[PDB]
Amino acid sequence: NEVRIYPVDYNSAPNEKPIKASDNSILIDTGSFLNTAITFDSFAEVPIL
Amino acid sequence: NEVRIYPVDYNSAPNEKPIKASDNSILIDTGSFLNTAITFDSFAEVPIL
Amino acid sequence: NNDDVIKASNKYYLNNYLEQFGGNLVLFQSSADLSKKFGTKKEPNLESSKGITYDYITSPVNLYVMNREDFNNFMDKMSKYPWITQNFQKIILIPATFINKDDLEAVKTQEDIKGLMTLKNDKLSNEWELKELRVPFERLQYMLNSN
Amino acid sequence: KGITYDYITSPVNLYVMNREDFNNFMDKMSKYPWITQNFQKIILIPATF
């Protein structure tokens, strides 16, 4: 489990084209796109037997 | 297992005498003599049962 | 490469290219050899493995490869045998492009397994060429707006 | 037993075999799981040494 939260339209020059698949989902968002983003890890953990 | 490869006659002033045993093998070569040398380690490893 | 340069205040990404390998065959490292018959439920039977010698590198462990769909079915079939499952060492999702289809060999066990396969004694994986990540100099100039 | 190779001695035993014969030897010893479990380390030393 992991989350990576990055700004959108950050350090992205206008007219940039974000690559996408046939589903139209934005595989690579414009800008830093996780190059400068927060990495949420370790949602939790509990002692195990 | 390990290899150490060092230059010979490197930073060694002329007239230097390399110490050797009766076998005449050069125990201590002239110059840096492993002070500045490449250290080849981990020839390989394969998963074990 | 000279040092005569003036700093550019504003810079932003212009073009993005992505190169990926969709196929992901499931690798399988197992010390126990599945070719040999497993022991019955009460009494087990293990015989270790043999040396594959893939990519000029040899080790006792055995490597199997199977598609994503068949892996869970194979796990379900082998649920009866806990000791063999405990013996599995490492599981890796290698891309499909690297491994030649021909190099794969089918293997038959005591039970009926759908699509278990094993690598040959001596074979070499392909080189993953990159084609999308190729930009000529003129394209760089055009992106610089200086043609 | 103690081999005492290169002036250094330890209880472990060292064997050497060519790449082709190793897999056949593994197949022959598959009947004996406890011996195989006892193998400690496998290294691909160059032949020249």
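The table that follows gives values for the structure above.
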| item | result |
| --- | --- |
| Filter result for the condition that a residue is within 14 Å of chain C (Cβ to nearest Cβ) and β-branched (V, I, T), over B:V46, B:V8, B:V3 | B:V46 |
| Residue within the range C:19-35 that is under 24 Å from D:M26 (Cα atoms), over 15 Å from the mean Cα position of the chain (by Cα) and in a helix (DSSP H, G or I) present | no |
| In the range C:80-100, the residues that are within 14 Å of another protein chain (Cβ to nearest Cβ) and either under 20 Å from C:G39 (Cα atoms) or among the small types (G, A, S) (or both) | C:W83, C:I84, C:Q86, C:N87, C:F88, C:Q89 |
| Scan of the range A:18-49 for residues that are surrounded by 10 or more Cβ atoms within 10 Å (Cβ to Cβ) and aromatic (F, W, Y), ordered by number | A:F33, A:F40 |
| Filtered residues of the range D:6-49 (kept if of a type in the set (S, T, N, Q), touching a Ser or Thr at 6+ places or on another chain (Cβ under 9 Å) and within 21 Å of C:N62 (Cα to Cα)) | D:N23, D:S30, D:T36, D:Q37 |
| Unmet criterion (only one of (1) within 14 Å of another protein chain (Cβ to nearest Cβ); (2) on the phi > 0 side of the Ramachandran plot; (3) small (G, A, S)) for B:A21 | (2) |
| Matching residues in the range C:113-146 - criterion: being touching an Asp or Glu at 6+ places or on another chain (Cβ under 8 Å), among the hydroxyl-bearing types (S, T, Y) and in a loop (DSSP other than H, G, I, E, B) | C:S125 |
| Flag for C:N16 being away from chain B (no Cβ under 14 Å), surrounded by 15 or more Cβ atoms within 10 Å (Cβ to Cβ), more than 30 Å from D:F39 (Cβ to Cβ) and over 17 Å from the mean Cα position of the chain (by Cα) | yes |
| Qualifying residue in the range C:57-79 (condition: more than 30 Å from C:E127 (Cα to Cα) and within 14 Å of chain B (Cβ to nearest Cβ)) | no |
| Residue match in the range C:52-59 (condition: in contact (Cβ under 8 Å) with a residue 12 or more places away in the chain and over 30 Å from D:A47 (Cβ atoms)) | no |
| Qualifying residues in the range C:40-51 (those that are touching a residue at least 12 places away in the same chain (Cβ under 8 Å) and more than 7 Å from every other protein chain (Cβ to nearest Cβ)) - the one farthest from C:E105 (Cα to Cα) | C:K41 |
| Filtered residue count, the range D:19-39, keeping only those that are of a type in the set (D, E) and at the interface with chain C (Cβ under 8 Å from one of its Cβ atoms) | 2 |
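This table checks each residue for (1) farther than 24 Å from C:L133 by Cα; (2) within 10 Å of the chain's Cα centre (by Cα); (3) in a loop (DSSP other than H, G, I, E, B); (4) β-branched (V, I, T).
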residue	(1), (2), (3), (4)
A:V3	yes, yes, no, yes
A:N15	no, no, yes, no
A:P18	no, no, yes, no
A:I28	no, yes, yes, yes
A:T36	no, yes, yes, yes
A:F40	yes, no, no, no
A:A44	yes, no, yes, no
A:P47	yes, no, yes, no
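Since every read-out is calculated from the coordinates, none of them should be taken as a lab result. Cβ sites come from the backbone with ideal geometry, for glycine too, and all protein chains shown count toward neighbours.
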